[PDB]
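In: Experimental structure below, sequence on top.
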Amino acid sequence: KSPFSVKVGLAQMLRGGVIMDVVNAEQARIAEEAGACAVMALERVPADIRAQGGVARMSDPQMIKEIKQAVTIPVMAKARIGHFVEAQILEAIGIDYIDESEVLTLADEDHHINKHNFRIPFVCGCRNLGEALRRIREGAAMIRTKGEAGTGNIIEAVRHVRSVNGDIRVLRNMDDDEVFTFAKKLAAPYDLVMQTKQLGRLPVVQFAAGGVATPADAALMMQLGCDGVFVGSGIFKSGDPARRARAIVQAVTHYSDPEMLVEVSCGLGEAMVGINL
Amino acid sequence: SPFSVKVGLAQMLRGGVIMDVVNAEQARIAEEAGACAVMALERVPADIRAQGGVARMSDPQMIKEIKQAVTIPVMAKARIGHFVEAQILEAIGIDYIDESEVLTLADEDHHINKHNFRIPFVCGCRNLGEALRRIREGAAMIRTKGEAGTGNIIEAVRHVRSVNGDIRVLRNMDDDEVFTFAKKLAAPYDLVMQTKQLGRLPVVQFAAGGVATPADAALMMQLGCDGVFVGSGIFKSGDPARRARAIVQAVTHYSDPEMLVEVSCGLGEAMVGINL
Amino acid sequence: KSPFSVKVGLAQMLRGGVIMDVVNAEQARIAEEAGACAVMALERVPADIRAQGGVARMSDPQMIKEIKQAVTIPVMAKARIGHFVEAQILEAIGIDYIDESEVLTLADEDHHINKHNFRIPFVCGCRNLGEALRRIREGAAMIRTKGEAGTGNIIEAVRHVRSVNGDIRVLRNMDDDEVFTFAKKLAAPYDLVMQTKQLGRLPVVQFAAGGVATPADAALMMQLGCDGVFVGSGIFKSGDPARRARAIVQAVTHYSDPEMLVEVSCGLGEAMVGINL
Amino acid sequence: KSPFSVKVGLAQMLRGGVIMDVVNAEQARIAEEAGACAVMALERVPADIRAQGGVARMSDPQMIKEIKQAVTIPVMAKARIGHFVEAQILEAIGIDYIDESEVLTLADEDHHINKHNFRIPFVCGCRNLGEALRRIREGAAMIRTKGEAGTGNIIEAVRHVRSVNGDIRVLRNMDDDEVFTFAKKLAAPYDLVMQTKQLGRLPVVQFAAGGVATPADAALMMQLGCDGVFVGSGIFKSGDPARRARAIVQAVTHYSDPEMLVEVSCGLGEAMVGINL
Amino acid sequence: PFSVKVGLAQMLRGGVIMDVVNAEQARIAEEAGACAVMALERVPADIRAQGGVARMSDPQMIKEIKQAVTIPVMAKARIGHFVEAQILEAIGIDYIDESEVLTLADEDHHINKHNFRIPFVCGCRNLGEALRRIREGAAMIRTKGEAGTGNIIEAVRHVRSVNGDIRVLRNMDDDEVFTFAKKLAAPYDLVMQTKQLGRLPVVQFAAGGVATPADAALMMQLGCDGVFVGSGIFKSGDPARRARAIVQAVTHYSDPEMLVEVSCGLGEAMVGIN
Ligand SMILES: [Cl-]
Ligand SMILES: [Cl-]
Ligand SMILES: [Cl-]
Ligand SMILES: [Cl-]
Ligand SMILES: [Cl-]
Ligand SMILES: [Cl-]
């Protein structure tokens, strides 16, 4: 198996999981104790990046090391889009995944990181199938929806999931002779388009992200065909994070069980208020 | 059919007022004033409008508290397209789901597939095409969208006259022209024809959005509605129990001006609202 | 005589009069004592509706009953445009006229009340001859100018009076064969256009309203050919309402007597400040 | 019976008929022998007016007298729109109807003839219900569709018939309170709009005209609800002009009988070629 | 019943329908193996070139064609001209084509085809249009293609559009079908029927610009049930030969050796217009 396949295989172990944003070791422990499949180490949640502005960069390696030592589940961290040196540093710290993330301040407007130059697997965002496939061709081993970051509004995530999955379904029964033109119109590599056609799904793990605020939101993403979910702001910017954390984890595990969804949602305290754009 | 059963259930609400309530005391006041059902929520449309934020399905705990406090039917709101919010609501054991545009839209392109549920749904509309599209998706009851949270009836009047006006056009239309009419409404032809034959919407049809006074409520009834929703209009007024009873009576006695005078007389401050 | 003629006849008794807005029984008494020909009962004057905003509706029947009991002159009250139930309620209270009024919040954007379904006479606003005739065909028994409400600026009333009267004068000597096209261009019913031509004036009583703030303003409206005037804000939002009320009444009665106009205007105290749009 | 009701009654005798354009007495005789209910005397058919251009006016009274003497059925003739003196002349010749016709050169861009000043009944064209009602208010006793003149293409006639009849149907069940606004939007007299509502059809005889080239076209107009048809150009250029005339007459009389329509259409010779605009 | 009319048209599957202007041509079409003939007084290439108003053909010429052959006879009525259709039905022909090559008679409404006993064919350019025509009572659908040019480009476009949207619909999330029906402006029930069947619920032919055997076989390889040919045939050295070649191309559409043979030495195709 190729080095890319190995990275793809590693991310498959996250299936059925919730990845939680954490700003310190206590939060990392709460996330792990609630049953998160991984933590995403950062110095500012997307809701605070949105509200405060400023330039948002890779976190101090010291804070990332503190998180990595506090838990036994995988640790991810964010690098700015195109900032291949930030990614070099992260990889050298010994974390498990890099998220080349649009919630940080864009560092390169025209090019993403060449992810094939790394041993560590990367996650990238997308809003549509063409974007997902372009990120994979650059070497992303996992894809998430961009959703809308820091608002608690699931609308954009739903749009992106339906866009990606919808185009995958179109591709499945398409006349093979029309696939060349479809690849052109997606601006995506033809070989990856054909692989997606043969598989009937994205050739890497696909998670939802952006605006998941409630257990209902998380389960909705799973019922729409995601492999798992990222939660950022939605937890520690809520009234009771440990309980809310557990509730989201349970919602993802038991996504097709309305009785369970009722139980975990019942009396959950204040959700993040967020912002309607 | 299971659809015809849901549609038959909603018929009991004809002649009624459905009231928004935020707690059990309010649910009791609504029931005692003679509401035909209550709509459980954590924020009235006037406060959603004023405060903003993302508005979602209410905590199932608060909904259970309301459902235990009254013996009339309980409805609750789910965001448009949020089929999992609807699954949760159904699992709580309430009577109706309102797939509601006053909450924050969750799916810009698709509504809930309401036929996948046992519980009946209410949906909003602004015109006949929209009403028929919602019914085809499985709505068992339709309301006007009106304008939410303003106390201004103008939009509800516009929507009621739009829906009823197109129904009246359809009634005497040349049959050969109905195909093109269905196309122009972007509505399913079979439901268009059913509406033509019936001379009205094939489900219960209520007014909603901006009903603030007994006069407003009776106006909606005189324009041909089966009943009215009231949200903000009550508990954001000076005396809600009194105002609640007055709206109920107005709907029951909608063609009786002497009664309308009596229930409107000395009612205290209506919601101030907003001219948008 | 037809029921419409009876209503028209009843409004003719207001000719030469001033109709005053009043918010309580004391004000109604002051208006009556100053010689108003009728009072218009309401919970908010147009200057306060303009300043405060909010939805403005039919007044509480209790306050209207209190006004009706406090005076022996006719009582009018306002209903929102198109709100035929508000009008039903007013008629059932036993007042003398309904004003289907644009100073309240519009209830029906496309249709006015079908005024022929009522026994009580209605007043409606207009800005031009076509609008006046459309209101009359719907069953208005009296017409007023819309003017500009709540500003104390007479400019719009003058515009509307000159527009209506000017088109009436055009109509008077017009070639009969051209009247069909004129009716079309006014979007007014041909029969009412011809009746106006034969009469040489509106077939109902015509009052000025909107922005009448001084005795000079009131007399100007009368010299321009109005049958009487409405005053709202212009009085009780002035420095001394009882004196100002009397002065306006006298100005309307003695509109062509400059010596009298001087006397009633002399030392009148502060007029409403208003707003120049 | 008002003088208008008498004119309207006279035109009702044409119901179920075909009116044919004729340029001389021989053609008038052929039209009558084929069973036309009336003839329309003119010096140029609409297909020649279209092709040649020039100013098209009232026909020479000599040629109209020659036609009127050649037949015992009613004789109509055309006057230019607004040309009330052409209409005076026609009436003084002693013909039976005047067509105030848009196929002649417009004489008054803003005003039609005041048809109430004449004893003779008039026919006017329309494209929609508002136009029809405006012509009737001016005194038209009969209405035809304008269709498209001189092309042999029935599309416009169908459009106009469906427009008029469609709006009549809308009007029939409309909320009475909404009829005022409907009259305004049609720019039509309210009283005539209400009369049409009560009757459920136009208050005068209504014929199709413009582009009727075949028996199928004629019967189509009748099945769409017309009282009869005008034919101009569609007839007289033929192998056997008399045969096409008879076929159209039979089609109108037997409009709901497909077997009869087959028979009269079978082997009819060349129809007018016409023009697709 | 509608299902009877739809069943009848299914017999035309694997066929070529040929435009004919007289009885000799109808005989040649039948002898060459056409599954039906379309009677008309002017081919679409002459309608295009000459202009004028184009209407239903004289019933006499239609009767002459119907007597000359034993295969089904179709004829054209103008869009919305329901009386032309009444007349055609009364002559006793087998199908009516409510046709856009004739001059449009109603800009806003088609014939209400359910009021007739005879099956109708209608044109389309896309799936929404096809479903609307079917709901009005069409028992068979054809591509509009481009009429009277001999250029297959528009037929290819329309076939790919219809079939492409059918394939999209087949594996679409059921919850998304309501919005898809709205966007097609098509009746939801017919959209769902199409989804369940995986094809149009009536027979679907290619038409417009089929000029060669290669064109005909291309339409079959793209998933059509058969083809219409108009202009493409009768102006020829040996009209009978081109007719037979197209029939054979449709029957043997996946056999390149056969396609070579029938195309070899065929004489001048219609010149047409780009
Ligand atoms: Cl940025
Ligand atoms: Cl929203
Ligand atoms: Cl307003
Ligand atoms: Cl002209
Ligand atoms: Cl009138
Ligand atoms: Cl055309």
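Out: Yep, that arrived. Residues are numbered from 1 along each chain as shown, chains lettered A, B, ... in the order given. Ligands and ions are numbered 1, 2, ... in the order given.

In: For stretch A:117-131, measure first residue to last.
Out: 20 Å (C-alpha to C-alpha, to the nearest Å).

In: Residues contacting stretch A:169-179, please?
Out: A:129, A:182, A:190, A:193-194, A:196-197, A:200, E:160, E:163-164, E:167-168, E:170-173 (C-beta atoms under 8 Å, 6 or more residues apart in numbering or on different chains). Using the backbone N, CA and C atoms, a C-beta is placed for each residue, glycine as well.

In: Please apply the same query to stretch A:161-168.
Out: With C-beta under 8 Å, 6+ apart, stretch A:161-168 has contacts from A:126-129, A:132, A:145, A:186, A:196, A:200-202, A:206, A:208, A:221, A:224-226, B:107, B:109-110, E:172-173, E:176.

In: Number of residues surrounding residue A:170?
Out: 18 (other C-beta atoms under 10 Å in any protein chain shown).

In: now residue A:259
Out: 11.

In: Now, of the contacts of stretch A:161-168, which are buried?
Out: By neighbour count, with 16 or more other C-beta atoms under 10 Å in any protein chain shown, those hold A:126-129, A:132, A:145, A:186, A:196, A:202, A:206, A:208, A:221, A:224-226, B:107, B:110, E:172, E:176 as buried.

In: So which of the contacts of stretch A:161-168 belong to strands?
Out: Counted as lying in strands by DSSP state E, out of those, are A:126, A:145, A:206.

In: Okay, the last one and ligand 2: tell me how far apart.
Out: If I follow you right, that is residue A:206. Counting by C-beta to the ion, to the nearest Å, the gap from residue A:206 to ligand 2 is 26 Å.

In: Which residue, other than its chain neighbours, is closest to residue A:237?
Out: Closest residue to residue A:237 apart from its sequence neighbours, by C-beta to C-beta, 6 or more residues apart in numbering or on different chains: residue A:272 at 4.5 Å.

In: Now whichever residue of chain A sits closest to ligand 5. Its backbone dihedrals?
Out: Proximity of chain A to ligand 5 (C-beta to the ion) peaks at residue A:276, 50.9 Å away. Backbone geometry at residue A:276, expressed as degrees, to the nearest 10, gives phi -90, psi 110.

In: Go ahead and confirm it touches residue A:153.
Out: Yes - under the criterion of C-beta atoms under 8 Å, residue A:276 makes contact with residue A:153 at 6.3 Å.

In: Walking through the stretch 51-200 of chain A, point out its helices one by one.
Out: Remark: helices assigned in the stretch 51-200 of chain A by DSSP state H, counting those that start in this stretch are A:61-70, A:84-93, A:129-137, A:155-172, A:179-186, A:190-199.

In: now the longest one against helix A:179-186, angle please.
Out: When you say that, I think you mean helix A:155-172. Using axes from the mean of the first three to the mean of the last three C-alpha atoms, to 10 degrees, the inter-axis angle of helix A:155-172 relative to helix A:179-186 is 160 degrees.

In: How about helix A:155-172 and ligand 2, touching?
Out: No - Helix A:155-172 stays clear of ligand 2 (C-beta under 5 Å from the ion), getting no nearer than 7.3 Å.

In: Looks like residue A:196 contacts residue A:190 (just checking).
Out: No - counting by C-beta under 8 Å, residue A:196 stays clear of residue A:190, with 10.7 Å between them.

In: Could you pull up the contacting residues of residue A:237?
Out: Applying C-beta under 8 Å, 6+ apart, we find residue A:237 in contact with A:45, A:47, A:272.

In: about what we covered before: relative to ligand 6, how far out is the residue nearest to residue A:237?
Out: Plainly put, residue A:272 is 60 Å away from ligand 6 if you go by C-beta to the ion.

In: swap in residue A:126?
Out: Distance from residue A:126 to ligand 6, by C-beta to the ion: 47 Å.

In: quick one: that residue and residue A:159 touch, right?
Out: No - contact between residue A:126 and residue A:159 fails when scored by C-beta under 8 Å: they sit 11.8 Å apart.

In: Just want the most central residue of chain A.
Out: What sits nearest the mean C-alpha location of chain A, by C-alpha atoms, centre = their mean, is residue A:144, with 4.0 Å.

In: quick one: is stretch A:10-25 near chain B?
Out: No - remark: stretch A:10-25 sits outside contact range of chain B, by C-beta under 8 Å from any C-beta of the partner chain, the gap being at least 15.6 Å.

In: and that stretch, how far apart are its ends?
Out: First residue to last in stretch A:10-25 (C-alpha to C-alpha) measures 24 Å.
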